[PDB]
Every structure is written in C-alpha cells, then in structure tokens.
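Data first, discussion second: the structure below is written as structure tokens.
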Amino acid sequence: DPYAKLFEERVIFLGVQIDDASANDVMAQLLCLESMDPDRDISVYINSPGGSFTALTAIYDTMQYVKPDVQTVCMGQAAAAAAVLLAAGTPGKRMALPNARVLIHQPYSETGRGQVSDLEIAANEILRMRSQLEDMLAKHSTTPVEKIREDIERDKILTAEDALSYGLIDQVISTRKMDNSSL
Amino acid sequence: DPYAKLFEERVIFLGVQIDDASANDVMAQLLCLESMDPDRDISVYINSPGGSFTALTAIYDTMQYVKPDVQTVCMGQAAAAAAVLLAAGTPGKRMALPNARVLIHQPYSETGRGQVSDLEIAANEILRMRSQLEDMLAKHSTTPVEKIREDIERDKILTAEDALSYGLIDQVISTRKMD
Amino acid sequence: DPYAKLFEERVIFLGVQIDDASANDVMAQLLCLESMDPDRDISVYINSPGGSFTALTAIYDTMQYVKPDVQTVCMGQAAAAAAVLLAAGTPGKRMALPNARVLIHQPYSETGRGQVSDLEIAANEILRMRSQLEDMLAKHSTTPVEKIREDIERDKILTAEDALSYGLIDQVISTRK
Amino acid sequence: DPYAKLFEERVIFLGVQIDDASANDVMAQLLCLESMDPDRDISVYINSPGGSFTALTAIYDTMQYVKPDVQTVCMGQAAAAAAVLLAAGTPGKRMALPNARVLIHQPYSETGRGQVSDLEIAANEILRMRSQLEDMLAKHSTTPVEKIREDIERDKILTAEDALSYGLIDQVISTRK
Amino acid sequence: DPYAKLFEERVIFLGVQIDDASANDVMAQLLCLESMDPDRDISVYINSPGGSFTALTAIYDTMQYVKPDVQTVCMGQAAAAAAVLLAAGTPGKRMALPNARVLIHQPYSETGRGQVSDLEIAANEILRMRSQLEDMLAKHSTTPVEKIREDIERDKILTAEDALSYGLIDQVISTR
Amino acid sequence: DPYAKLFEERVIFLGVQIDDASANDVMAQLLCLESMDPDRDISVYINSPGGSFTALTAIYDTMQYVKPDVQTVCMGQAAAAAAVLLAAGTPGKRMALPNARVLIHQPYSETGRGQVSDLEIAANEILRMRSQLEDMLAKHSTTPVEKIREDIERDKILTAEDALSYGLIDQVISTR
Amino acid sequence: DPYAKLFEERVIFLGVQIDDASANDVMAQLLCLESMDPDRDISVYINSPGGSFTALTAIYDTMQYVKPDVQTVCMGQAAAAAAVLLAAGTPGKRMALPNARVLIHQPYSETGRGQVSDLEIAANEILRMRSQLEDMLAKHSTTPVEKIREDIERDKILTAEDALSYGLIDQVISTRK
Amino acid sequence: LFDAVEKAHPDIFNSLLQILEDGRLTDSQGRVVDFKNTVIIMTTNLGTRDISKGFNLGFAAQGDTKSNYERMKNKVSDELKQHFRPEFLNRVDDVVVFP
C-alpha cells in the first residue's frame with residue numbers, strides 16, 4: 001500500500017474533490033501527524049478539481065492551526081479551491097510540477113426556489129464568501145487585492161512560471177537532485 | 001486509521017447529516033467514553049449541516065445525561081441542529097475556528113396527504129417542536145427568548161465573532177503558537 | 001466498535017424500522033444473551049419509527065418468553081410498534097429520556113386487487129390485529145381499554161411525563177448527578 | 001455474531017422468502033449438521049411469509065431424509081409454503097409462539113405467453129402441484145383430506161390454539177417459568 | 001460455511017441457472033477435485049433449471065474427461081440441460097429425491113436481426129444442437145431414440161419413478 | 001478457491017469475455033508462471049465467446065514471447081478471438097474436446113458519427129486488422145491463406161474433427 | 001496475486017484509462033519504488049486507451065523527475081495519452097510488442113454552456129493544451145515538429161515498425177533472450 | 001567505558017543515575033563506593049543507519065544544503081531522545097558526534 005508508506009513519511013495526499021468527508025479525513029490526518037511529531041514538516045500533495053467552500057475553509061484553518069510547517073506541492077491541477085490550499089502552505093515551501101496549471105475564479109453557487117428575503121440573505125452570504133476568498137488570496141500572495149478582484153472575475157489559468165510570478169508558489173521542481181555529500 | 005486514534009483520545013466527529021444512524025453511533029460512542037472514564041473530558045467536533053429534530057433531541061439528552069464535561073468545537077459550518085449541539089457544550093468549553101459560520105433558523109417539515117384533523121395534529125406537533133427549539137436555544141445562550149424568536153424567524157448566519165457575542169460559543173482559537 | 005462493547009454488557013439497539021430482518025436479529029441476540037447469562041438483566045434501547053405487526057407480535061412473544069427481566073429505554077422516539085415494545089418491558093424498569101416522544105395510533109395497511117371474499121378475509125384479519133393491539137396495550141397500561149380504543153382512533157403524541165402519566169413508562173431520566 | 005452461536009448449537013434459522021438460494025443454503029446446513037452429529041436433534045425456526053413449490057418439495061424431502069428429529073419452531077407468521085414445512089417436522093416437536101399465525105391457501109402461479117398445448121401442460125402441472133400439496137397437508141396433519149381440499153380453496157388463517165386444534169403443531173409455548 | 005465443508009468432503013452444488021460464469025466455476029471445482037485425488041468419486045447436486053447449451057456441452061465434456069467417477073443427485077427439479085447433466089453421470093449412481101421432477105424439451109433459441117445467410121447458418125447450427133440433444137439423451141438412457149424425438153417436441157415432465165422407468169436415473173432415495 | 005490452486009498446477013482459465021482487464025490478468029499470470037518455472041509448460045483453458053482485437057493481440061504476443069510451451073485446451077466454445085488464441089499454441093499441444101464448437105468470422109466494428117476522413121481512417125484500420133487476423137490464422141494453421149480469406153466472409157462453425165481437418169488443433173481428447 | 005509480485009520486481013501496470021485516481025496511484029507507486037531503490041530501473045507497461053490531459057502531465061512530470069531510468073513497454077495498444085507516456089521513457093529503453101498500434105491525435109474536449117468570454121478563454125486553454133502536447137511529442141522524438149503538427153490533425157495509427165521509424169520506439173522485442 | 005550502550009537492556013543505565021549525579025554506587029552489602037574521580041565514556045552508533053542515504057521520500061526542489069555531519073547530528077539527537085529517558089540525558093556532561 002503506497003499510501004500508507006507515504007503517510008508514515010508524513011505526506012498527506014489530496015487527489016479527490018473537496019467535500020465534507022475529504023475535509024474531515026484531511027483534518028483528522030493533520031491532527032494525528034501533528035500529535036505524532038510537532039516538529040517535522042507535513043507534506044500535502046494537491047491534485048483536486050476544486051470543491052465546496054466550507055470544506056476549503058475548514059482545511060485552511062486546520063493547516064494554519066497546526067504547529068509544524070506545511071509543504072504544498074501542486075500536482076496536476078488546482079482548479080477552484082485547491083489553489084487556495086496550495087497558496088496556504090508555509091512561505092518558501094510551496095512548489096509545483098513543471099507541466100501543471102493553477103486556476104482561479106470567483107465562487108459559483110445556486111439556490112433553490114424561495115421568497116425574495118431568503119434570496120437576499122443568500123446573496124449577502126455569497127458576497128461575504130467571495131470577499132473572504134479575495135482576502136485569503138490577497139494575504140497569501142504578492143499581487144494587490146485590486147488585481148485579485150479584477151483577475152478572479154473570470155477563469156484565470158496560470159502555468160508553473162506564471163504562478164511563480166504571481167506569488168502563489170515559490171519553486172518549480174525539475175528533476176531529482178542529490179544532496180551535497182561533503183562529510 | 002486516524003479516526004481510531006482520535007477516539008482513543010476521547011474525540012468524536014460529527015460531520016454527517018444528523019439522522020437516526022448517526023445519532024445512534026454518537027450516543028453509543030458517548031456511552032463507551034463515559035464507561036471507560038467517567039470523570040475526564042470528551043471532545044465533540046461538529047462539521048454537519050443539520051438533520052432531523054428527533055435525533056437532535058436524542059443527542060442533546062445523551063450529552064446532558066453523561067456527566068463528564070463535553071467540549072464542542074466547530075470547524076466548518078454548524079447549521080440548524082448542529083448549532084444547537086454546538087451551544088449544548090459545557091460553558092467555557094465551546095470553541096470555533098477563526099473562519100466558521102453558524103446558521104440558525106426555524107424548523108422545516110413535510111407531511112403527506114391526509115384529512116384536516118391529522119393536519120391540525122401535525123401543526124400542533126411542529127409548533128411544539130419549534131417552541132422546544134427556542135427553549136433549548138435560550139437555555140444555553142445569553143440572549144432573551146423574544147430576540148431568539150425574532151432572530152430564528154428566517155435564516156440567521158453568524159461568523160465566529162458574531163457567534164461569540166451572540167453566546168453560542170466561548171472562544172475563537174486562531175493558532176497554536178499564539179496561545 | 002461501540003456496539004460490540006454494549007453487547008458485551010448486554011445492550012440491544014432498536015434504531016431501524018421493525019421488519020423481518022430486525023426482528024430476526026433481535027431474536028438471535030436475545031436468545032444468545034439469555035443463554036450466556038440467565039440471571040443479569042437485558043437492556044433494549046428503542047429509536048424506531050414503527051414497523052410491521054407480525055414482527056411486533058413475534059418480538060413481544062420472545063420478550064415475554066425470555067425469563068430474565070428486560071429493561072426498555074426510549075431514547076429518541078417510539079411510534080406505533082415501538083411504543084408497544086416500550087410498554088412490553090419488565091414493569092418498574094421502563095425509562096424515557098426528557099426530550100422524547102411516544103406516538104400511538106391504529107394500524108395502517110393496504111390490500112391488493114382481488115375479489116370481495118379475499119378483501120373480507122383481509123379486513124377480518126386487520127380487525128383482529130387491531131383488537132389484539134388494543135388488548136396488548138391495555139395489558140401493559142393502567143388505562144381502561146375503552147380509553148385506549150377511543151384514543152388510538154387517530155395519531156397521539158405524548159411527552160415523557162405524559163407517557164409516565166399514561167402508564168407507558170415508570171421513570172423519566174433527568175441527569176447523572 | 002449470534003447466528004454462528006445458534007448454528008453451533010444445531011439450530012437452522014429461516015426467516016426469508018423461500019427461493020432457490022435459501023433451499024441450497026438449507027441443504028448445505030442440514031447436510032453439515034447431519035455429518036457432524038447424526039444423532040442429536042436439529043431445530044429449525046420458521047419466520048417466512050411464503051415461498052415457491054419446487055424449493056418446498058426439495059427442502060421437505062431433505063428434511064425427511066435426515067436421521068435426527070427435526071423440531072420446527074414458528075415465530076410471528078408462517079404462510080402458504082411455510083405452513084407445510086412447519087407441519088412436516090418430526091411428530092411431537094412442532095412448536096408455535098402464543099401470537100404466531102399460520103396462513104394456508106392453494107398455490108398461486110402465472111405462465112408466459114404460449115400456445116394452447118403449453119398452457120394445457122402447465123395447467124395439468126399446476127393441478128398436480130395442488131394435489132401434491134394437499135396430500136402433504138393430509139399426511140402430516142390430523143385433518144381429513146376432503147376438509148383440506150375444501151379449505152385451501154381460499155385464504156384461511158389460524159392462530160396458535162387453532163393451529164394446535166388443526167394438528168399442524170403439537171403445543172403452544174407460553175413462557176419460561 | 002457449510003459450502004466449504006461440503007466441497008471439502010466431495011460435494012459440488014449446481015443450484016444456479018446454467019451460464020458461462022457458473023460453467024467456469026464448476027470447471028475449476030471439478031479440476032481441483034480431480035487434482036486433489038484422482039481415485040475418489042465426485043458428487044454433483046442439481047437443483048437448477050436449464051441454461052445455455054454451450055455450457056451444457058462443456059460441462060458434459062468435463063465430466064466425461066476426468067477419470068474419477070461422477071455421482072448425480074437431483075433434488076427439487078432438473079429442467080432442460082439439468083436433466084441431461086443428471087443423466088450424464090456414471091451409470092449406476094444417478095439418483096433423485098422422491099418429490100424431484102425432470103423437465104425435458106427441445107432447445108429454445110433467439111437470434112438478432114441479420115441477413116438471410118446468417119439466419120440460415122444459425123438455423124443449421126441450432127438443428128445441430130438439437131441433434132446433439134437427442135444423441136446425449138439417448139446414449140445415456142434406455143429409451144428408443146425416435147421416442148425421445150417425439151417426446152422432446154413439447155414440454156415433457158416426469159416424476160422420480162417416471163424418470164427411473166425412462167432410464168435417466170438409477171435409484172430413488174427414500175431414506176438411508 | 002480452486003482458481004488459485006489450479007494456478008499452482010499451472011492452469012489458466014479464459015472463461016470470460018476477452019477484454020482489457022481479463023487480458024491484463026492473463027498476461028500477468030503468464031509472466032508470473034514463466035517466472036516461477038521457465039521450463040514446465042503453461043496450460044491455457046479457453047471458454048470465451050470472443051472479445052476485443054487489442055486483447056487478442058496482446059495475449060498472442062505474450063504467449064509467443066516466452067520459452068515455456070503454451071498448451072491450449074478448448075471446452076464448450078472458442079469463437080473469434082478465442083479461436084486464434086487456441087490456434088496460437090505451440091505445435092502438438094493444441095487439443096480440444098469432442099463436441100466443442102469453434103466459430104470464425106471477420107471482425108465486427110461500430111463507430112460513432114464523424115466526418116468522411118475519420119470514417120475512411122477507421123475503415124482502413126479495420127481492414128488492416130482483418131488482414132492481420134487472416135495472417136495469423138494462415139501462419140498458425142495448415143489451410144492456405146486464400147481459403148481462410150474466403151471462409152471468414154461469413155461465420156463458419158467447426159467441430160473438433162472439423163477443426164482438426166482445418167489444421168487449428170493437433171488431436172482430439174475424449175477421456176484419459 | 002500476480003499484481004503484487006509485478007510490483008515487487010519494479011513493474012507498474014497502466015491498463016485502465018488515464019484519470020485522477022489512476023494517475024495518483026501510479027505516481028505514488030513511482031515514489032515508493034524510487035525510495036526503496038534509487039538505482040534499479042522502473043518498468044512501466046502501457047495498455048491504456050488514453051485519458052485526461054492533466055493526469056497525462058502529472059504522470060509525465062513524476063516520471064521525468066524520478067532518478068531511476070524508466071523502461072516503457074507498449075503492450076496491446078497505446079492511444080493518445082498512452083502514446084505520450086510510452087514515448088516519454090528513457091531513450092534506448094522504450095520498446096513495444098511486435099504486433100501493436102500507437103494512435104496519436106489532437107486533443108478533443110467539450111465545453112458547457114456559457115457566455116462568449118468563457119468560451120474564448122476555454123478555446124485559448126485548449127489551444128495551449130494542443131501546443132504543449134505537440135511540443136512534448138517533438139521533444140521525445142526524432143520527427144520534426146511541423147511534421148507532427150500536420151500528422152496530429154487527424155487520427156494517425158502507427159505499427160511497431162512505424163513507431164520505430166517515427167522516433168517514438170527505440171527497438172522492438174520479439175522473443176525472450 | 002561502556003561500549004555499545006544501545007545493545008543493552010534500557011534499564012541497566014537506570015543504575016548510572018546516582019553515578020552521574022551523586023558520584024556514588026552502593027553494592028548489595030551496603031558499602032558505598034565513590035565515582036567522583038572517574039571519567040565516564042559511553043560509546044554508541046545510534047542514528048547512523050542513514051549515512052549512505054541520498055534523499056527522502058517525496059518531491060523536493062533543489063536539495064539539502066547541509067552536509068552529512070549536520071543531518072547525522074540531528075538524527076543522533078533524535079534517536080538519543082527516543083532511546084533514553086530525559087532524566088538520564090540531563091545528567092550527561094557532553095554528547096560528541098563523530099564525523
């Protein structure tokens with residue numbers, strides 16, 4: 001079981017759509033890893049096509065809460081909410097695969113039929129969530145908040161170097177590199 | 001298995017819709033935790049969107065009956081019955097993550113085709129359920145019952161700070177390095 | 001799992017609707033619990049919304065036959081047959097949670113397409129089941145049978161204290177001091 | 001699991017719709033029970049609402065085949081195909097619960113679209129099935145075959161005492177004193 | 001697991017409608033039992049209706065191929081290919097329960113839409129399967145071949161004693 | 001389970017449709033069986049009603065690659081891909097049961113809506129696949145390629161004796 | 001099962017379509033194989049009918065990143081994504097079975113209903129995907145890039161020898177040595 | 001000198017506490033023998049099993065700039081904390097790592 005071997009080496013692997021069950025599993029694994037060793041880093045690999053917003057928020061809070069540093073690796077794609085998780089890693093330890101993309105866009109939602117007051121409340125909540133997402137993206141990046149607001153109006157796709165220039169990631173891995181080995 | 005390790009430290013996850021099976025599992029876990037150690041804290045984590053009222057009452061009664069203190073922690077969202085369960089923890093031990101939302105509203109229900117007398121009985125029952133809901137909310141909060149009734153008329157959403165001022169939670173925990 | 005432990009200390013949950021599978025499982029656990037130890041009590045916790053009448057009668061007969069005393073606890077709710085099992089426990093050891101309800105009403109059933117004679121036979125069986133139901137309710141309750149017959153004409157919901165006054169239970173739990 | 005413990009004590013528990021799979025499971029369990037001990041008796045519990053006819057014949061034949069006396073215990077209900085199996089046990093060991101009910105009627109069947117010769121063959125086979133069923137009922141009961149023929153024309157329902165009077169069972173359990 | 005115990009002794013069940021999956025399952029079971037001991041006997045129990053004819057021929061070949069003797073016991077029913085399987089065991093040890101039934105009829109076929117030539121080839125092929133059917137029925141029975149031809153035109157259902165008189169089985173088990 | 005046992009007696013079943021998953025399973029089993037003992041033969045049992053052509057090609061190349069002899073046994077039926085797989089065994093090891101049917105026909109294909117160029121490419125590819133199938137059938141049998149090409153125009157069914165006369169198998173086995 | 005052994009001798013099967021879960025499992029196995037022995041080559045067997053582009057890029061990146069050499073074998077077929085995965089192996093170690101087909105074509109995608117701006121953004125994205133795919137094909141082959149541009153306009157199917165001459169396969173295996 | 005300390009049961013060194021802190025040891029006859037003039041050396045190879053290791057599991061950009069000495073020192077410290085009680089390691093004057 002390769003996943004167990006990855007977990008024993010303190011790697012949390014996220015390759016499914018972000019929902020309540022996945023968020024609960026990720027938070028439980030993060031808490032267990034922090035309990036095992038509050039000093040060694042924890043690695044998170046991201047291959048998710050976005051997901052819900054509440055699960056994103058819970059995962060982000062758990063990542064920011066734990067003592068050890070979090071090392072995020074973009075792996076494939078990070079479509080809607082996975083991009084925030086990639087940008088939420090410990091600064092300087094957020095890397096990505098070469099032929100990977102990072103997508104960013106404003107949240108999309110829909111509500112069932114109801115009276116006008118309920119729709120107004122739902123719209124207020126959705127605007128609050130959008131503002132929160134813009135704040136989280138501005139805090140963990142380099143570009144100003146106005147640029148984020150202008151960019152997330154429509155789907156924006158960034159390559160590895162485009163993300164590095166944007167500030168979401170810090171390094172782009174190319175090939176396995178041996179250690180110095182200088183005694 | 002992270003969940004087994006969490007249960008070994010007296011931690012219970014509630015991240016699924018509140019129904020009969022989940023309520024039974026939660027009550028069984030609470031009884032086991034009380035039996036293994038009757039005078040040590042039990043932590044309950046809430047990430048559920050709500051559920052049926054009967055399961056909510058069953059879980060609330062089980063939490064109240066079990067004597068060790070129960071610490072309720074909100075991680076994602078706590079809506080409807082989840083808000084009541086979050087507010088039902090031991091005072092001073094109710095916590096929420098910095099970015100969380102608590103949603104409260106009056107109960108919603110459906111009934112089938114039937115005669116007028118059955119509909120009247122069902123209406124009386126649902127009004128009793130709603131009244132029990134305001135009673136439960138007012139008991140574990142610092143807000144007058146009339147304000148509770150006015151607030152839960154429609155969907156009311158509170159952030160961590162709004163919930164803390166509203167009396168549902170007691171602390172907003174930011175990080176671990178900053179105690 | 002908690003269920004295995006609670007079974008080790010003689011606990012049976014009833015959290016699903018009453019049907020052949022649940023009744024059969026109840027039979028198996030009750031018989032095994034009696035065989036392992038016929039001296040200690042057996043606890044049955046009910047959170048059922050109702051079910052079929054045949055499983056009702058079978059489970060009632062099994063509980064009556066099993067000579068160790070059986071405690072019954074209504075945790076979330078008890079509707080129709082679940083109320084009957086709640087009242088079918090050992091007298092003096094029937095309990096309900098504070099914010100619980102008990103629902104009682106006459107049985108509901110349907111019949112398929114058929115000739116008049118078959119419908120008459122089915123209706124006679126339905127009336128016999130109903131009569132057995134109010135007889136079994138009056139057996140384990142302190143209320144007159146006429147009052148039960150008039151009350152179960154339509155649905156009836158009672159709180160824990162109302163059930164205690166009606167005779168369904170004996171004690172209403174408050175807390176563990 | 002309680003079912004394994006019941007099986008270890010030489011109990012076969014049957015509360016499901018009789019079909020081919022249930023028949024084969026009963027075959028395997030009965031053969032294994034005979035192989036492990038061909039002397040000690042075997043108890044079979046019936047809680048089924050009916051079943052097919054070929055499986056009924058197979059299970060009846062294999063249960064009459066075994067050396068050990070086959071006790072039959074009925075809980076809740078035993079209708080149509082279940083009544084024959086309940087009454088086919090070893091004499092003096094056919095047992096029913098106080099509120100159990102037994103339903104008896106002629107076999108009910110359908111046939112597909114086909115030519116008149118095929119429907120005639122099927123109708124003759126169905127008449128033969130009904131004759132075999134009434135012969136089985138007469139063989140294992142104390143009721144004359146003419147009464148069985150005039151009774152199984154339509155649905156008929158018997159309680160525990162009525163089943164005892166009809167000879168299908170031997171005694172009615174009340175409780176373990 | 002009673003199935004495991006019965007397979008451990010010598011027993012194999014055929015109580016499901018005959019198809020490719022069940023055919024291969026019985027193939028593996030028979031080959032395994034032959035490999036474990038090539039000098040004992042194998043008991044096969046039949047409580048299933050008919051099925052695909054190709055699987056019938058394959059399992060007939062499998063029984064006629066292995067050196068251990070094959071015993072057939074019929075309980076409940078044995079229709080179409082099941083009757084041929086019951087009659088295909090080694091002579092002298094084909095038996096059925098008193099209330100068991102044996103059903104035999106000509107093969108039923110259903111092909112999809114196609115050109116004339118394809119349908120003609122299919123018709124010749126199904127005639128070949130029919131001919132194999134009466135050949136198998138006759139070579140394992142004491143009934144004249146033309147009698148089998150005229151009998152399998154329509155549905156033919158026989159009891160245990162009727163099957164014994166027909167020659168498909170050898171003994172009728174009442175009690176040990 | 002008897003399947004694993006017959007695996008250590010080095011017998012591999014092919015009783016399901018020949019698709020990608022079954023092909024990969026068979027290929028892995030062949031590789032492992034060659035790894036365990038590169039000198040003893042490997043037995044392949046065929047009870048499949050054909051399958052995809054890519055799986056045919058992969059299994060054919062895998063059988064042709066390894067040293068250990070591929071001893072192919074056919075029960076019940078071997079149609080389309082199964083016929084080629086049976087005929088692809090080592091010479092002298094291709095044997096089949098007496099009343100077993102082998103069906104051979106040209107490949108059948110279906111494509112969705114597309115432009116003319118895509119349909120032309122698909123037609124060229126299916127013609128190439130048919131040509132390759134004829135090439136393997138010719139190189140693994142005794143019948144000349146012209147008669148094989150003429151025979152696969154319509155579906156052709158052969159018995160064990162007919163297959164032996166055709167040249168696909170070596171000898172017919174009835175009873176050990 | 002043979003799968004566990006094939007993993008033990010450092011061989012990974014890719015027999016299903018290229019999706020998120022399959023790519024994740026493949027790259028996890030690649031990381032584990034690199035960890036256990038960073039010098040022995042890793043063998044990858046290609047039997048897939050293509051898949052998604054993101055999984056393609058993920059597998060390609062994790063295969064180029066690992067220190068040990070990658071030994072790719074085309075087996076049965078390798079279409080679209082599988083063709084790139086086969087051709088991305090270590091030079092001199094990319095081989096195919098004798099009879100096999102390698103299919104290459106430009107990417108095909110579907111876009112949901114939306115406004116014109118979203119559609120043109122998606123068009124730019126798919127054009128970028130096609131450009132990246134043709135550049136990756138050109139990098140790992142001797143064929144000129146413009147030849148690949150004109151070739152991948154429609155479906156292009158190559159045999160083992162055609163792939164060998166094209167620049168995607170280094171040599172063809174026939175029999176074990 | 002205590003040679004290959006990690007290959008003994010992790011309880012014998014419980015007897016070294018009073019040696020390393022009070023400089024004394026009592027035999028079974030009740031006599032006290034002092035250790036205040038001795039020099040205690042304990043040799044071990046704990047945490048040196050990964051000297052011939054190139055990289056860790058998982059993706060990583062660039063590489064570890066620390067030489068083998070720093071990584072081996074950290075590994076030795078971690079293994080020493082894992083193997084011995086805190087009160088035993090709190091009494092040792094010096095821990096020296098051999099490159």
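By order in the structure tokens, chains are A, B, ...; within a chain, residues start at 1; ligands start at 1, following the order shown.
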
Would you mind writing down, as a CSV table (one decimal) with N, CA and C atoms, in the first residue's frame, each residue of segment 2-83 of chain C that DSSP on the backbone assigns to strand (DSSP E)?
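out.csv written:
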```
chain,number,residue,atom,x,y,z
C,11,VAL,N,-26.6,-5.0,25.9
C,11,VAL,CA,-27.3,-3.9,25.3
C,11,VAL,C,-27.7,-4.2,23.9
C,12,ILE,N,-29.0,-3.9,23.6
C,12,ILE,CA,-29.5,-4.1,22.2
C,12,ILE,C,-30.2,-2.8,21.8
C,13,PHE,N,-29.7,-2.3,20.6
C,13,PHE,CA,-30.3,-1.2,20.0
C,13,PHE,C,-31.5,-1.6,19.1
C,14,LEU,N,-32.5,-0.7,19.0
C,14,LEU,CA,-33.5,-0.8,18.0
C,14,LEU,C,-33.6,0.6,17.3
C,42,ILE,N,-31.4,-7.7,30.8
C,42,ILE,CA,-31.1,-7.4,29.4
C,42,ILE,C,-31.8,-6.0,29.0
C,43,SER,N,-31.0,-5.1,28.5
C,43,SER,CA,-31.4,-3.8,28.2
C,43,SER,C,-31.7,-3.6,26.7
C,44,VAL,N,-32.9,-3.0,26.4
C,44,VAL,CA,-33.3,-2.8,25.0
C,44,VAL,C,-33.5,-1.3,24.8
C,45,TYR,N,-32.8,-0.6,24.0
C,45,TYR,CA,-33.0,0.8,23.7
C,45,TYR,C,-33.6,0.9,22.3
C,46,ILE,N,-34.7,1.7,22.3
C,46,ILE,CA,-35.5,1.8,21.1
C,46,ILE,C,-35.4,3.2,20.5
C,70,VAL,N,-36.3,-7.7,31.4
C,70,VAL,CA,-35.9,-6.9,30.3
C,70,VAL,C,-36.2,-5.4,30.6
C,71,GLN,N,-35.2,-4.5,30.6
C,71,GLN,CA,-35.4,-3.1,30.7
C,71,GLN,C,-35.6,-2.5,29.3
C,72,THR,N,-36.5,-1.5,29.2
C,72,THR,CA,-36.7,-0.8,27.9
C,72,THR,C,-36.5,0.7,28.1
C,73,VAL,N,-35.7,1.3,27.2
C,73,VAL,CA,-35.4,2.7,27.3
C,73,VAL,C,-35.8,3.3,25.9
C,74,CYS,N,-36.6,4.3,26.0
C,74,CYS,CA,-37.0,5.1,24.8
C,74,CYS,C,-36.1,6.3,24.7
C,77,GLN,N,-37.4,8.4,20.1
C,77,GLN,CA,-38.9,8.4,19.8
C,77,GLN,C,-39.3,6.9,19.8
C,78,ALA,N,-40.7,6.8,19.9
C,78,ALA,CA,-41.3,5.4,19.9
C,78,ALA,C,-42.7,5.6,19.3
C,79,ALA,N,-42.8,5.2,18.0
C,79,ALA,CA,-44.1,5.3,17.3
C,79,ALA,C,-44.6,4.0,16.9
```

Seminar exercise, completed: Superposition check: chain E onto chain F, every Cα matched in order, least-squares RMSD of 0.5 Å

Exercise. Could you pull out the alpha helix (DSSP H) residues of segment 1-134 of chain B from DSSP and send them as number ranges by chain?
Worked result: B: 2-8, 20-36, 53-65, 81-87, 116-134

Problem set entry | Contact residues around residue 104 of chain C with only C-alpha atoms at 8 Å, ignoring same-chain residues under 2 positions, as a ChimeraX atom specification | /C:79-80,83,102,106,152,155-157

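Taking only C-alpha atoms into account, chain F lies nearest to E:68 out of the set E:89, E:68, E:2, E:50.
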
Problem set entry | Spatial neighbours of segment 51-54 of chain H, 9 Å, only C-alpha atoms, chain gap at least 6 places, as a PyMOL selection string | (chain A and resi 177-179+181) or (chain G and resi 38) or (chain H and resi 68+71-72)

For this session: Tell me which protein, DNA and RNA residues are within 9 Å of residue 29 of chain C, counting only C-alpha atoms, leaving out same-chain ones fewer than 3 positions away, and put them as a list in words.
Result: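 Near residue 29 of chain C, the qualifying residues are residues 7, 12, 24, 25, 26, 32, 33 and 34 of chain C; 1, 2 and 3 of chain D.
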
For this session: Can you check which residues of chain F have any atom within 12 Å of chain G? Use only C-alpha atoms and format it as a ChimeraX atom specification.
Result: /F:3-4,7-8,19-36,38,52-68,114-122,124-126,128-129,132-133,135-136

Exercise. Residue 44 of chain H: which residues within 8 Å, counting only C-alpha atoms, same-chain residues fewer than 2 positions away excluded, as an MDAnalysis selection string?
Worked result: chainID H and resid 3:6 42 46

Residues from the last selection, N, CA, C and O atoms, saved as an mmCIF file, in the first residue's frame:
```cif
data_model
loop_
_atom_site.group_PDB
_atom_site.id
_atom_site.type_symbol
_atom_site.label_atom_id
_atom_site.label_comp_id
_atom_site.auth_asym_id
_atom_site.auth_seq_id
_atom_site.Cartn_x
_atom_site.Cartn_y
_atom_site.Cartn_z
ATOM 1 N N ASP H 3 30.801 0.208 26.254
ATOM 2 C CA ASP H 3 30.912 0.038 24.813
ATOM 3 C C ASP H 3 29.613 -0.529 24.254
ATOM 4 O O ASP H 3 29.094 -1.524 24.770
ATOM 5 N N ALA H 4 29.098 0.109 23.200
ATOM 6 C CA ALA H 4 27.846 -0.285 22.555
ATOM 7 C C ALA H 4 26.688 -0.260 23.555
ATOM 8 O O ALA H 4 26.073 -1.279 23.871
ATOM 9 N N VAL H 5 26.406 0.945 24.055
ATOM 10 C CA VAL H 5 25.406 1.107 25.105
ATOM 11 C C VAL H 5 24.011 0.754 24.605
ATOM 12 O O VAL H 5 23.164 0.299 25.382
ATOM 13 N N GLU H 6 23.740 0.956 23.313
ATOM 14 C CA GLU H 6 22.405 0.712 22.782
ATOM 15 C C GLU H 6 22.056 -0.767 22.700
ATOM 16 O O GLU H 6 20.883 -1.096 22.490
ATOM 17 N N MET H 42 30.598 6.640 27.216
ATOM 18 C CA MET H 42 29.625 5.693 26.683
ATOM 19 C C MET H 42 29.614 5.815 25.168
ATOM 20 O O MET H 42 29.291 6.880 24.637
ATOM 21 N N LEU H 46 24.054 5.062 17.493
ATOM 22 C CA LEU H 46 22.637 5.315 17.279
ATOM 23 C C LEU H 46 22.443 6.450 16.282
ATOM 24 O O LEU H 46 23.172 7.445 16.299
#
```

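The space between atom CA of residue 170 of chain B and atom CA of residue 72 of chain B spans 10.1 Å.
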